[PDB]
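1. begin with these chain(s), straight out of the complex:
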Amino acid sequence: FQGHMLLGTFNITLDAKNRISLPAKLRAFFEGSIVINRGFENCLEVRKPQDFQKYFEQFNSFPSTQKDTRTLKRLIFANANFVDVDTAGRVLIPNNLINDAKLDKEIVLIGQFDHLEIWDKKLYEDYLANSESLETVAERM
């Protein structure tokens, strides 16, 4: 479990080469490669290739004849990239994805069990600022 469950919050920073250093314990979870792709609320997601594979299945589920479905698939998959995790367990984040997630210096990683989200410390703090209560949001599920 220690390293098969993506949980918690990690404060790390964007290196001068645009790389990110996975929290060691996490490195376990992944092999030597991952798929980054753009997330919701400007966050960028990170999955083990296999997991990304499944994440996609959930979509074939969605129509396809629906204009919206096509927009989603395009906004996400045309932006997914496949990145190798280097020896030190770092991951080079693509430029477009960097820009998309407004990544500057100081990142926040959070575990979402399945995947990992990469946030710009500020943008994340803001996101948390709005957002109704956990109880409010849950009531609507």
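-> Okay, I see it. Numbering: from 1, shown residues only, chains lettered A, B, ... in the order given.

2. centre-most residue in chain A?
-> Using CA atoms, centre = their mean, the residue of chain A that lies closest to the mean C-alpha position is residue A:45, 1.5 Å off.

3. which phi and psi does that residue have?
-> In terms of degrees, to the nearest 10, the main-chain angles of residue A:45 are phi -110, psi 160.

4. ranges for the helices of chain A?
-> Under the criterion DSSP state H, chain A contains helices at A:25-29, A:49-61, A:67-77, A:95-100, A:121-129, A:134-139.

5. can I get these in a markdown table with distance to residue A:114 and mean neighbour count?
-> Any C-beta I mention is one placed from the backbone N, CA and C, and that applies to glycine too. Conversion of the helices of chain A to a markdown table gives the following (distance: least, CB to CB, whole Å; neighbours: other CB atoms under 10 Å):
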| stretch | distance to residue A:114 | mean neighbour count |
| --- | --- | --- |
| helix A:25-29 | 11 | 16 |
| helix A:49-61 | 6 | 12 |
| helix A:67-77 | 15 | 12 |
| helix A:95-100 | 19 | 14 |
| helix A:121-129 | 19 | 14 |
| helix A:134-139 | 19 | 9 |
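
6. any idea which of those helices gets closest to residue A:4?
-> The closest of the helices of chain A to residue A:4 is helix A:25-29. By CB to CB, the value is 6.0 Å.

7. so what secondary structure elements neighbour the closest one?
-> Counting contacts by 3 or more CB pairs under 8 Å, 6 or more residues apart in numbering; DSSP states H and E, helix A:25-29 packs against no other helix or strand.

8. related to what we said a few turns ago, mind checking which of the helices of chain A is nearest residue A:9?
-> Distances from residue A:9 to each of the helices of chain A were compared using CB to CB; the shortest belongs to helix A:121-129, at 8.9 Å.

9. for the residue nearest to the centre of chain A, what are its contacts?
-> Residue A:45 sits next to A:36, A:37, A:38, A:39, A:115, A:116, A:117, A:118 when contact means CB atoms under 8 Å, 6 or more residues apart in numbering.

10. and the furthest pair within those?
-> A:38 and A:116 (13.6 Å).

11. chain B should join the structure above:
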Amino acid sequence: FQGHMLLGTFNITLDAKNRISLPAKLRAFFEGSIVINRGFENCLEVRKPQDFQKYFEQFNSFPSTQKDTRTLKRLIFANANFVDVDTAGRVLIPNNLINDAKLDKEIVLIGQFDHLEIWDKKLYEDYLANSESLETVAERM
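-> Next up, chain B placed on what we already have:
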């Protein structure tokens, strides 16, 4: 059963090191590690790692394309922590979680079969104060 079913109410206190002493009988249920994470109504939940694993499944169930789903996952999992239960069967509760559950001195633990909820004695008494009748709440299920 005796230590396979989390039941009852236990009045215990928050130690000077922010640790909590599981009610002995309970210690059985858990191994030497648990996942704490924030609960509903400011309570903080406690599960055996394996159980937490399943609890997460229930979520993949929920959309993901729904803004709300993403808020839930983030408010909960970015706050889950993984804690080792010490020799005396105590558990060190993280600060953020401490603050989140308004844990001061004097805790109330209740069994919810699957998991355990940690409440600030006061906050819990209040919660119980409001809340409609068991019959009222049940009628709506």
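
12. just to revisit the earlier point, look up how far residue B:13 lies from the residue nearest to the centre of chain A.
-> Applying CB to CB, to the nearest Å, one obtains 41 Å for the distance of residue A:45 from residue B:13.

13. rewinding a little: from residue A:73, how far off is the residue nearest to the centre of chain A?
-> Relative to residue A:73, residue A:45 is positioned 15 Å away (criterion: CB to CB).

14. repeat that for residue A:54.
-> 15 Å.

15. what do you get for residue A:91?
-> Taken as CB to CB, the span from residue A:91 to residue A:73 is 24 Å.

16. who's the closest residue to chain B within chain A bridged to?
-> As assessed by CB to the nearest CB, chain B sits closest to residue A:110 within chain A, at 3.6 Å. Taking DSSP bridges, one obtains residue A:9, residue A:117 as the residues bridged to residue A:110.

17. quick one: contacts for it?
-> For residue A:110, the residues meeting the contact criterion (CB atoms under 8 Å, 6 or more residues apart in numbering or on different chains) are A:8, A:9, A:10, A:116, A:117, A:119, A:124, B:74, B:77, B:78.

18. check contacts around residue A:138.
-> Taking CB under 8 Å, 6+ apart, we find residue A:138 in contact with B:40, B:68, B:72.

19. for PyMOL, write the selection for the buried entries among those residues.
-> Buried members of the contacts of residue A:138, identified by 16 or more other CB atoms under 10 Å in any protein chain shown, are gathered into one PyMOL selection as follows:
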select buried, chain B and resi 68+72
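
20. from the contacts of residue A:138, pick the one nearest residue A:27.
-> residue B:72 (27.1 Å).

21. hmm, residue B:62 and the closest one touching each other?
-> Yes. In this structure, residue B:72 sits in contact with residue B:62. The criterion is CB atoms under 8 Å, and the distance is 7.4 Å.

22. common neighbours of the two, please.
-> Counting by CB under 8 Å, 6+ apart, the common neighbours of residue B:72 and residue B:62 are residue A:141.

23. for residue A:79, the count of nearby residues, please.
-> By other CB atoms under 10 Å in any protein chain shown, 16 other residues sit near residue A:79.

24. add one more, call it chain C:
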Amino acid sequence: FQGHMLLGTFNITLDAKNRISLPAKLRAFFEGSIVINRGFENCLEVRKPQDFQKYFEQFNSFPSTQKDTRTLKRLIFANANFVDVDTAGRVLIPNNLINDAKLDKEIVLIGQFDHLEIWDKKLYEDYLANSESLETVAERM
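-> With chain C now in place:
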């Protein structure tokens, strides 16, 4: 069947030590332990531990993100207790549960097949007093 089907009505009394004497034939049904927990309409329920185990399953079924679900689970499970049936087949009823079910002297036990309900003779007679006809109540199922 004689003692695997919880049926009928038994008039028994609350002993000076707050114990209850199962109707002998019933003792069969149970082992040497049960789970008491609070029931609906102030009655207190009694199940074989295994059965209680299943009763809980029916709940995971219910949302969890619903405030109501959480209130139910809390009002019931934080009040369940696990009690050993003594040699004479008696069961010591916890104080809180005693107070909750307004148990004084003179109890009424009724079989509900799965479980057993413990009623204060008066409170039960009243309950029966209101309540629409069997036919009325059934029509709405």
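
25. go back to the contacts of residue A:138, now with chain C?
-> B:40, B:68, B:72, C:65, C:66, C:67.

26. for those residues, give me JSON lines that also has distance to chain A.
-> Written out in JSON lines, the entries for the contacts of residue A:138 read as follows (distance: CB to the nearest CB, whole Å):
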{"residue": "B:40", "distance to chain A": "6"}
{"residue": "B:68", "distance to chain A": "5"}
{"residue": "B:72", "distance to chain A": "5"}
{"residue": "C:65", "distance to chain A": "4"}
{"residue": "C:66", "distance to chain A": "7"}
{"residue": "C:67", "distance to chain A": "6"}
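
27. what does chain A have sitting close to chain C?
-> Where chain A comes near chain C, counting by CB under 8 Å from any CB of the partner chain, the residues are A:135, A:138, A:139, A:140, A:141.

28. same thing but 7 Å
-> With CB under 7 Å from any CB of the partner chain as the criterion, chain A comes near chain C at residues A:135, A:138, A:139, A:141.

29. what about the nearest residue to the last one once chain neighbours are set aside, distance to residue B:139?
-> It stands for residue A:141. Counting by CB to CB, 6 or more residues apart in numbering or on different chains, residue C:65 is the residue found nearest to residue A:141 once chain neighbours are left out, at 4.1 Å. Distance from residue C:65 to residue B:139, counting by CB to CB: 19 Å.

30. next to chain B, which bits of chain A? Give me the list.
-> Within chain A, the positions lying close to chain B (CB under 7 Å from any CB) are A:1-2, A:5, A:7-9, A:40, A:58, A:110-114, A:131, A:134-135, A:137-138, A:140-141.

31. still on that earlier bit, how many neighbours does the residue nearest to residue A:141 have?
-> Applying the criterion other CB under 10 Å, we find 21 residues in the vicinity of residue C:65.

32. distance of it from residue B:73?
-> Residue C:65 is 12 Å from residue B:73, by CB to CB.

33. ok, now residue A:66?
-> In this structure, residue A:66 lies at 24 Å from residue B:73, with CB to CB as the measure.

34. ok, the two, which is more surrounded?
-> The residue with more neighbours, out of residue A:66 and residue B:73, is residue B:73; 23 against 10, by other CB under 10 Å.
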